[PDB]
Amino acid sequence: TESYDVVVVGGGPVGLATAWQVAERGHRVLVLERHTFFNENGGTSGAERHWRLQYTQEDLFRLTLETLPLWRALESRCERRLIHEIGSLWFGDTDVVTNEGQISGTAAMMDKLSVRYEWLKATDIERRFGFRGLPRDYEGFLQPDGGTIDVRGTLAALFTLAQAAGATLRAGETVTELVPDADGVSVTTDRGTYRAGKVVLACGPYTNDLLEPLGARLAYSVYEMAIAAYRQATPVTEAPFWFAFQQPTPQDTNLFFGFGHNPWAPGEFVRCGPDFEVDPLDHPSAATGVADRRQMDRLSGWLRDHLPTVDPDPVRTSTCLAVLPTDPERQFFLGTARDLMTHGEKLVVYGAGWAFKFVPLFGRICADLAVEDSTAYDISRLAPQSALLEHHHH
């Protein structure tokens, strides 16, 4: 049984960022990853992730401002620009309400927070970005500060920095049991056992598998989402991230999005996807890894009709797992398990969120809680929510 100050369960971006921060602070940290580092079987896949500035949720705007300096520090340390301002384009029917929100409502929130944007008409959208055949009443905005994030560059940086700082990184090892006590946590994996001062759970959609035996269950839902990669057919002029807000059809939500071009890449491929209603998985093992045929056909057909800048026959289709609070009013689960079980403060939990954009911040917060039990950042609205009735003594 090896002993560490902190054991991180999960070697995705949040786990690696936490380990880098813990090790740089001079504590002994071990990261246990069930598959391989850089795997694309959890919530981290593809080459890119979006970082918009526009939100109707005040807390997301605040987190965005607090994370930016942390991205800059990371970029400096690894000698790589990781965030690229390519723009965030939201267009279509400006009043339809979707899981992404509503154009008009969001534009009012930008007006209020003093976030700049340009309002565009269908003809401007087709001219500037290459879309074709849009209904002439479609409108929307371009928030120029919207960015795209180099996912592979970020993972490489975090892995290398964590390793250089002394973190012990082990792959192909699955954590199967956690038992906190007053003096630390006992960790069992399919390869051995460990003793930790505290454990950070950054295991994507698997958090409940380790909390269940301890009498806790968090209120999050897991979704397998389809994504398709397409070859760029015509050279880009402006290729921002885009989301098409439309009225639903009787069979689907009729929503589609594209991540935009990847500046660090040769400009050969881009990725897009449908944003259709998807029922939650009962457990992550239910994921198949095969993108839903009908959704891929709908997306490819829409791109054939409306965005001829890309060859609409996908080069590759795949899936990614989203892990989100079941309550749409909540954005993230980041905190300890202090209110969920005895000695719960010894388990630091990153349990749900649409969060690649906050990876440097979340890693710092998890490191703070792992070695101090407190962070200077406000995480009051991110408290992990129990899926069970409260019957325990507090």
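Residue positions are given as counts along the sequence shown, with the first one as 1.
On average the C-alpha atoms of 88-96 have higher B-factors than those of the other stretch, with 88-96 and 268-276 being the two compared. Comparing the deposited coordinates for 376-384 and 20-28, the stretch with the larger average C-alpha B-factor is 376-384.
Among 36, 342, 44, 67, the highest C-alpha B-factor recorded in the PDB entry belongs to 342.
Ranking 223, 256, 119, 71 by Cα temperature factor from the entry places 119 first. Ranked within its chain, residue 165 lands in the middle third, by CA B factor from the PDB record. Ranked against the other modelled residues of its chain, the C-alpha B-factor of residue 346 as given in the entry falls in the middle third. Among all modelled residues in this chain, the alpha-carbon of residue 49 has a temperature factor (C-alpha) in the lowest third. In the PDB entry, residue 357 places in the lowest third of its chain by CA B-factor. Among the modelled residues of its chain, residue 332 has a C-alpha B-factor that falls in the middle third according to the deposited record.
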